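The structure appears right after this line, and notes come after that.
Atoms within a ligand are numbered from 1 in the order they appear, just like the ligands themselves. All values below come from the heavy atoms of this structure, side chains included, with hydrogens, waters and symmetry mates left out. Each residue takes its place number in the sequence, starting with 1.
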Amino acid sequence: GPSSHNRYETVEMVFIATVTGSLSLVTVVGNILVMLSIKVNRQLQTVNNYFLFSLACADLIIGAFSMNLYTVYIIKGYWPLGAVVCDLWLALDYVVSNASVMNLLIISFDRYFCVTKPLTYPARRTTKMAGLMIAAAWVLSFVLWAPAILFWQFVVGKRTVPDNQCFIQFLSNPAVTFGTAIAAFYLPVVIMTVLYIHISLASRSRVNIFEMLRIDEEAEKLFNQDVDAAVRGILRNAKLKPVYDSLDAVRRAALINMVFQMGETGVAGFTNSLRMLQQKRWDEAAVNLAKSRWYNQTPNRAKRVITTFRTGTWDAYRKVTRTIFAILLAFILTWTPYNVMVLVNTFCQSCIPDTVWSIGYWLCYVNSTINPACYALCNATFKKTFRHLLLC
Ligand SMILES: C[N+]1(C)[C@@H]2C[C@@H](OC(=O)C(O)(c3cccs3)c3cccs3)C[C@H]1[C@@H]1O[C@@H]12
Ligand SMILES: CCCCCCCC/C=C/CCCCCCCC(=O)OC[C@H](O)CO
Ligand SMILES: CCCCCCCC/C=C\CCCCCCCC(=O)OC[C@H](O)CO
Ligand SMILES: CCCCCCCC/C=C\CCCCCCCC(=O)O
Ligand SMILES: O=C(O)CN(CCN(CC(=O)O)CC(=O)O)CC(=O)O
């Protein structure tokens, strides 16, 4: 009949339902796989993965409920579920998403403190503190968003949202929406950006050195100064330089340890041992280093340093950053357009049609779908665990 759906409507809605349904299923299955991977693998049960587990929970909630409800809204052309379900859905959406953002913040700060304070922070990095931070993120998200979405109509004394529509009445004013965007999206993005910059600039060739010196001996600033000073002394010394240049990272760090303990002049006295180190003859160098007063005065430390010279490993004493960077990149890329629309809406509401708004809003969801793929691509343990889970 003439009341039936026209061809364009049918094709459009079937396409939308197919694509969005597929993304929903992929999101749900993916995040379930991530959570299960964290649950079953003992090697994947670290604080970072507690955080990642939380994020996976958020992404699961988004993929299961948010996507489908929003697609109901899109396909129907209006809201057919009522004002109550509208409120519940909006609250769920914004609380869970905010919790995701704060989760990313916690992760970023955690990595930052891990690479910048490798002596004091890892000791205070318990699972209790992790759970405290996660709970804090979710609770704060709820306290910050749920009242604004649910109780604002009560404060005003009137719900201005039509029963056939669904939007946050609190965010009616473009200015308020933008300020909210600043507090919720822009500032965390900036902070995480700075943190990522400092993390990427932070060498992990020196992080092991601090632990080494910690073993052989808030005082991290002292180490930060003294290590640099030692390296400077090595580069200043005409005899220590060629040995330092012709040495691997671990063993050159051992040389740095020697300079740290005795000074550039004291280490420069080990002519035979240094020249032996140049030819990478670790055994001979060890035997010649056993003849020194240094080996007798501090026997244990000398044993550790010499053994370190022998094996070239930390036996006498990384992909996560990449994964997290991938997650952050997905977040930024997927959420940026909508918030840019929020920015434009402050002076020009007509420049952004409802279709573009809808595309952006939905685009923010895709992040939850991307994250498990980031786990499976930037990490091999998660991938192997996935493969082990699909057949078990
Ligand atoms: C698709 N979402 C579900 C909704 C719209 C987008 O929202 C965002 O990008 C915003 O920066 C804001 C948009 C408008 C005012 S503040 C955030 C909102 C909440 C936490 S961060 C992303 C998510 C988020 O839950 C909202
Ligand atoms: C509108 C109202 C919205 C309400 C929304 C409610 C969301 C509830 C989700 C809680 C998950 C919290 C994250 C928990 C992450 C840690 C869990 C854990 O303990 O993982 C250990 C893992 O096995 C390693 O050993
Ligand atoms: C990560 C951090 C995310 C933080 C997220 C915060 C969300 C908002 C919560 C409290 C602000 C409440 C401010 C209320 C001030 C008045 C608002 C107003 O007047 O709104 C009018 C409305 O637009 C038409 O009636
Ligand atoms: C994290 C939990 C996600 C949501 C789980 C709960 C699923 C939905 C549960 C029941 C919804 C009840 C509200 C429906 C209101 C109906 C009244 C009306 O039609 O106006
Ligand atoms: O052209 C139309 O409107 C569709 N036709 C074909 C029949 N309808 C089914 C029906 O309403 O009986 C096909 C359709 O669903 O479009 C209705 C009619 O002219 O009687």
Side-chain angles (χ1 to χ4, degrees), residues 1-10 31 34-41 43-66 69 84-108 126-161 167-192 331 335 339 342 345-346 382 385:
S3 59
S4 300
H5 285 164
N6 63 78
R7 42 172 290 180
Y8 296 100
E9 185 74 8
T10 297
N31 286 283
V34 175
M35 293 165 68
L36 283 182
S37 295
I38 300 179
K39 254 49 184 61
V40 182
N41 195 343
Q43 300 178 11
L44 289 179
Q45 293 185 9
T46 59
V47 170
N48 297 350
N49 286 6
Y50 279 84
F51 297 147
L52 295 184
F53 187 90
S54 178
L55 191 59
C57 292
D59 292 335
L60 174 62
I61 299 180
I62 293 178
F65 297 93
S66 297
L69 292 167
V84 177
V85 182
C86 176
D87 283 344
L88 296 177
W89 170 54
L90 294 179
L92 183 63
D93 262 34
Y94 280 66
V95 166
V96 168
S97 295
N98 192 87
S100 302
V101 175
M102 284 186 71
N103 220 87
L104 291 181
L105 278 172
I106 296 174
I107 296 176
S108 302
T126 60
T127 60
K128 174 182 173 181
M129 284 298 302
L132 176 60
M133 292 307 300
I134 299 176
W138 286 88
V139 165
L140 281 177
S141 299
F142 184 83
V143 173
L144 282 178
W145 272 108
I149 299 179
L150 303 181
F151 275 98
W152 182 248
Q153 52 191 326
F154 187 87
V155 179
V156 172
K158 168 185 176 179
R159 162 172 263 257
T160 67
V161 183
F167 58 87
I168 301 185
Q169 182 176 335
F170 168 80
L171 296 176
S172 300
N173 181 31
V176 180
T177 310
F178 176 59
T180 303
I182 290 183
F185 177 74
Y186 288 96
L187 286 175
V189 161
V190 170
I191 296 179
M192 288 183 297
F331 171 73
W335 285 39
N339 292 274
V342 172
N345 191 262
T346 63
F382 273 99
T385 316

What do we get for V101 next to ligand 3 when only non-hydrogen atoms under 4.0 Å count, side chain, backbone, both or neither?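 Contact part for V101 vs ligand 3: neither.
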
Pick one of side chain, backbone, both or neither for how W152 approaches ligand 3, counting any non-hydrogen atom pair under 4.0 Å.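 Looking at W152 and ligand 3, just side chain atoms fall under 4.0 Å.
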
Quick check: closest heavy atoms across [X] and [Y], and the distance to 0.1 Å?
| X | Y | answer |
| --- | --- | --- |
| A183 | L187 | CA-CD1, 4.4 Å |
| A184 | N98 | CB-OD1, 4.3 Å |
| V95 | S141 | O-CB, 3.5 Å |
| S37 | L44 | O-CD1, 4.0 Å |

Find the distance between [atom1] ([X]) and [atom2] ([Y]) and round it off to the nearest 0.5 Å.
| X | Y | atom1 | atom2 | answer |
| --- | --- | --- | --- | --- |
| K39 | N49 | NZ | CG | 11.5 Å |
| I134 | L55 | CD1 | CG | 10.0 Å |
| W89 | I149 | CH2 | CD1 | 10.5 Å |

What protein heavy atom sits nearest [atom], and how far away is it?
| atom | result |
| --- | --- |
| atom 4 (C) of ligand 3 | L144 CD1, 3.8 Å |
| atom 3 (C) of ligand 3 | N98 OD1, 3.2 Å |
| atom 2 (C) of ligand 3 | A183 O, 3.4 Å |
| atom 14 (C) of ligand 3 | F170 CE1, 3.6 Å |

Any nitrogen or oxygen of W145, main chain or side chain, under 3.5 Å from a nitrogen or oxygen of ligand 3?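 So ligand 3 has no N or O lying under 3.5 Å from an N or O of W145.
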
Side chain, backbone, both or neither: which part of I61 has a heavy atom under 4.0 Å from ligand 2?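 Within the 4.0 Å criterion, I61 contacts ligand 2 through side-chain atoms alone.
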
Atoms of ligand 2, numbered as shown, that sit under 4.0 Å from any heavy atom of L92: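 Here the atoms of ligand 2 in question are 1 (C), 3 (C).
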
With a 4.0 Å heavy-atom cut-off, what residues sit around ligand 5?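 Ligand 5 pocket, heavy atoms under 4.0 Å: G1, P2, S4.
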
Parallel, tilted or perpendicular, judged at 30° and 60°: which one describes the rings of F154 and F151?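 The rings of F154 and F151 stand perpendicular, inter-plane angle above 60°.
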
Are more than 12 heavy atoms, taken from residues, nucleotides or ligands other than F142, located less than 6.0 Å from that residue's CZ atom?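 Not more than 12 within 6.0 Å, no.
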
Check step by step if side chain to side chain donor-acceptor pair (under 3.5 Å) holds for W145 and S97. CA-CA 10 Å; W145 272 108; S97 295; over 6 Å; no

Within the structure, is a non-hydrogen atom of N49 found at a distance of less than 4.0 Å from ligand 2?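 No, that is not the case, since the closest heavy atom of the residue is not under 4.0 Å from the ligand.
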
Between ligand 2 and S54, is the shortest N or O to N or O distance under 3.5 Å?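 Not met; the criterion fails.
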
Criterion side chain to side chain contact (heavy atoms under 4.5 Å, CB included) on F178 and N345, from CA distance to verdict: CA-CA 8 Å; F178 176 59; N345 191 262; over 6 Å; no

Which is closest to atom 21 (C) of ligand 2 by heavy-atom distance: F53, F65, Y50?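 Answer by nearest heavy atom: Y50.
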
